[PDB]
Amino acid sequence: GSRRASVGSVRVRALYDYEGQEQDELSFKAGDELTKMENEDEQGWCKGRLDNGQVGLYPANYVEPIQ
């Protein structure tokens with residue numbers, strides 16, 4: 001067994017740049033890496049962890065899955 005079999009963290013790649021609007025949001029550029037920690041909401045948003053280490057919401061429509 002390995003961490004690839006788990007479902008509590010999914011690495012994802014930023015499609016485009018984004019900048020957080022509250023203390024519970026994150027900021028990244030086109031081609032950055034981040035970590036999804038929660039499912040997509042009814043609005044098309046997720047909650048994850050950043051390359052610097054911060055934790056917050058971001059639009060799930062600005063990322064794609066890594067394999």
# chains A, B, ... in the order shown; residues from 1 in each chain; ligands from 1

$ residues_around --residues "residue A:63" --least-positions-apart "4" --cutoff "8 Å" --atoms "only C-alpha atoms" --output "ChimeraX atom specification"
/A:12-16,59

$ select_by_dssp --residues "chain A" --states "strand (DSSP E or B)" --output "list in words"
residues 10, 11, 12, 13, 14, 18, 25, 28, 33, 34, 35, 36, 45, 46, 47, 48, 49, 55, 56, 57, 58, 59, 63, 64 and 65 of chain A

$ write_last_selection --atoms "N, CA, C and O atoms" --output "mmCIF file, in the first residue's frame"
data_model
loop_
_atom_site.group_PDB
_atom_site.id
_atom_site.type_symbol
_atom_site.label_atom_id
_atom_site.label_comp_id
_atom_site.auth_asym_id
_atom_site.auth_seq_id
_atom_site.Cartn_x
_atom_site.Cartn_y
_atom_site.Cartn_z
ATOM 1 N N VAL A 10 -5.451 15.044 -2.896
ATOM 2 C CA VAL A 10 -5.333 14.881 -4.349
ATOM 3 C C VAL A 10 -4.575 16.085 -4.905
ATOM 4 O O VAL A 10 -5.078 17.206 -4.903
ATOM 5 N N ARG A 11 -3.331 15.879 -5.341
ATOM 6 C CA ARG A 11 -2.548 16.931 -6.011
ATOM 7 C C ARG A 11 -3.234 17.362 -7.322
ATOM 8 O O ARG A 11 -3.735 16.523 -8.075
ATOM 9 N N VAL A 12 -3.240 18.664 -7.602
ATOM 10 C CA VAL A 12 -3.892 19.284 -8.768
ATOM 11 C C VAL A 12 -3.016 20.420 -9.303
ATOM 12 O O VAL A 12 -2.225 21.020 -8.567
ATOM 13 N N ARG A 13 -3.157 20.720 -10.597
ATOM 14 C CA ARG A 13 -2.380 21.730 -11.325
ATOM 15 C C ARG A 13 -3.268 22.913 -11.695
ATOM 16 O O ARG A 13 -4.357 22.719 -12.228
ATOM 17 N N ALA A 14 -2.813 24.128 -11.416
ATOM 18 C CA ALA A 14 -3.528 25.352 -11.752
ATOM 19 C C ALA A 14 -3.601 25.581 -13.276
ATOM 20 O O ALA A 14 -2.576 25.743 -13.943
ATOM 21 N N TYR A 18 -5.026 32.759 -9.987
ATOM 22 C CA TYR A 18 -6.067 33.155 -9.032
ATOM 23 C C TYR A 18 -5.463 33.886 -7.815
ATOM 24 O O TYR A 18 -4.309 33.660 -7.444
ATOM 25 N N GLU A 25 -8.858 31.878 1.964
ATOM 26 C CA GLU A 25 -8.594 31.658 0.526
ATOM 27 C C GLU A 25 -7.086 31.617 0.193
ATOM 28 O O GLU A 25 -6.234 32.047 0.981
ATOM 29 N N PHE A 28 -2.403 31.617 -6.444
ATOM 30 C CA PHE A 28 -1.499 30.839 -7.300
ATOM 31 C C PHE A 28 -1.481 31.367 -8.746
ATOM 32 O O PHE A 28 -2.344 32.154 -9.145
ATOM 33 N N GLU A 33 1.348 24.071 -8.606
ATOM 34 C CA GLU A 33 0.833 22.856 -7.965
ATOM 35 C C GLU A 33 0.208 23.199 -6.603
ATOM 36 O O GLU A 33 0.751 23.998 -5.835
ATOM 37 N N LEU A 34 -0.921 22.561 -6.293
ATOM 38 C CA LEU A 34 -1.622 22.648 -5.012
ATOM 39 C C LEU A 34 -2.287 21.295 -4.676
ATOM 40 O O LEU A 34 -2.257 20.356 -5.477
ATOM 41 N N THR A 35 -2.884 21.180 -3.489
ATOM 42 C CA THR A 35 -3.431 19.919 -2.959
ATOM 43 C C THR A 35 -4.896 20.052 -2.555
ATOM 44 O O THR A 35 -5.207 20.700 -1.559
ATOM 45 N N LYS A 36 -5.807 19.436 -3.310
ATOM 46 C CA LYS A 36 -7.241 19.360 -2.988
ATOM 47 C C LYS A 36 -7.447 18.544 -1.702
ATOM 48 O O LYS A 36 -6.882 17.455 -1.571
ATOM 49 N N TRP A 45 -16.455 25.207 -6.341
ATOM 50 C CA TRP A 45 -15.295 25.561 -5.506
ATOM 51 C C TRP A 45 -14.840 24.364 -4.662
ATOM 52 O O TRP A 45 -15.633 23.479 -4.338
ATOM 53 N N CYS A 46 -13.568 24.373 -4.268
ATOM 54 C CA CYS A 46 -12.927 23.369 -3.417
ATOM 55 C C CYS A 46 -12.159 24.045 -2.281
ATOM 56 O O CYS A 46 -11.923 25.255 -2.313
ATOM 57 N N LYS A 47 -11.711 23.241 -1.311
ATOM 58 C CA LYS A 47 -10.832 23.657 -0.217
ATOM 59 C C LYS A 47 -9.592 22.773 -0.270
ATOM 60 O O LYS A 47 -9.700 21.555 -0.420
ATOM 61 N N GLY A 48 -8.420 23.390 -0.220
ATOM 62 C CA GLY A 48 -7.134 22.713 -0.381
ATOM 63 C C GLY A 48 -5.974 23.383 0.356
ATOM 64 O O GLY A 48 -6.176 24.258 1.199
ATOM 65 N N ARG A 49 -4.754 22.957 0.017
ATOM 66 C CA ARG A 49 -3.478 23.401 0.586
ATOM 67 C C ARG A 49 -2.509 23.836 -0.517
ATOM 68 O O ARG A 49 -2.395 23.188 -1.555
ATOM 69 N N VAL A 55 -3.801 27.024 3.875
ATOM 70 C CA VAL A 55 -5.010 26.206 3.656
ATOM 71 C C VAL A 55 -6.221 27.123 3.452
ATOM 72 O O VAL A 55 -6.428 28.066 4.221
ATOM 73 N N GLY A 56 -7.016 26.870 2.410
ATOM 74 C CA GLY A 56 -8.142 27.728 2.032
ATOM 75 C C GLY A 56 -8.917 27.298 0.776
ATOM 76 O O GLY A 56 -8.542 26.360 0.066
ATOM 77 N N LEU A 57 -10.034 27.989 0.537
ATOM 78 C CA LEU A 57 -10.903 27.825 -0.624
ATOM 79 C C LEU A 57 -10.267 28.391 -1.903
ATOM 80 O O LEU A 57 -9.484 29.345 -1.867
ATOM 81 N N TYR A 58 -10.666 27.818 -3.036
ATOM 82 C CA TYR A 58 -10.310 28.242 -4.388
ATOM 83 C C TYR A 58 -11.358 27.717 -5.399
ATOM 84 O O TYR A 58 -12.042 26.723 -5.119
ATOM 85 N N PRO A 59 -11.520 28.346 -6.577
ATOM 86 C CA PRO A 59 -12.430 27.861 -7.611
ATOM 87 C C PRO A 59 -11.899 26.562 -8.234
ATOM 88 O O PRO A 59 -10.839 26.538 -8.866
ATOM 89 N N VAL A 63 -8.394 24.549 -11.915
ATOM 90 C CA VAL A 63 -7.416 23.459 -11.728
ATOM 91 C C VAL A 63 -7.770 22.185 -12.519
ATOM 92 O O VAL A 63 -8.898 22.019 -12.989
ATOM 93 N N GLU A 64 -6.815 21.260 -12.631
ATOM 94 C CA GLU A 64 -6.972 19.929 -13.241
ATOM 95 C C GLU A 64 -6.178 18.860 -12.448
ATOM 96 O O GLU A 64 -5.180 19.200 -11.805
ATOM 97 N N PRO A 65 -6.589 17.576 -12.443
ATOM 98 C CA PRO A 65 -5.938 16.546 -11.632
ATOM 99 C C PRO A 65 -4.553 16.131 -12.160
ATOM 100 O O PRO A 65 -4.319 16.060 -13.371
#

$ closest_residue --among "A:2, A:54, A:67, A:39" --to "residue A:20" --atoms "only C-alpha atoms"
A:54

$ atom_distance --atom1 "atom CA of residue A:30" --atom2 "atom CA of residue A:52"
15.5 Å

$ select_by_dssp --residues "chain A" --states "helix (DSSP H, G or I)" --output "ChimeraX atom specification"
/A:3-5,60-62

$ write_last_selection --atoms "N, CA and C atoms" --output "compact mmCIF listing (two decimals), in the first residue's frame"
# COMPACT_ATOMS: atom_id res chain seq x y z
N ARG A 3 0.43 6.09 -0.36
CA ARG A 3 -0.39 7.32 -0.30
C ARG A 3 -1.27 7.56 -1.54
N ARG A 4 -0.91 6.99 -2.69
CA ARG A 4 -1.69 7.05 -3.95
C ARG A 4 -3.05 6.32 -3.88
N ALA A 5 -3.19 5.36 -2.96
CA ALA A 5 -4.44 4.64 -2.70
C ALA A 5 -5.44 5.41 -1.82
N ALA A 60 -12.65 25.46 -8.10
CA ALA A 60 -12.28 24.16 -8.66
C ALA A 60 -12.20 24.17 -10.20
N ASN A 61 -12.84 25.17 -10.84
CA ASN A 61 -12.78 25.40 -12.28
C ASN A 61 -11.50 26.11 -12.78
N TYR A 62 -10.52 26.34 -11.90
CA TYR A 62 -9.19 26.89 -12.21
C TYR A 62 -8.07 25.84 -12.03

$ atom_distance --atom1 "atom CA of residue A:7" --atom2 "atom CA of residue A:38"
9.6 Å

$ atom_distance --atom1 "atom CA of residue A:1" --atom2 "atom CA of residue A:31"
29.6 Å
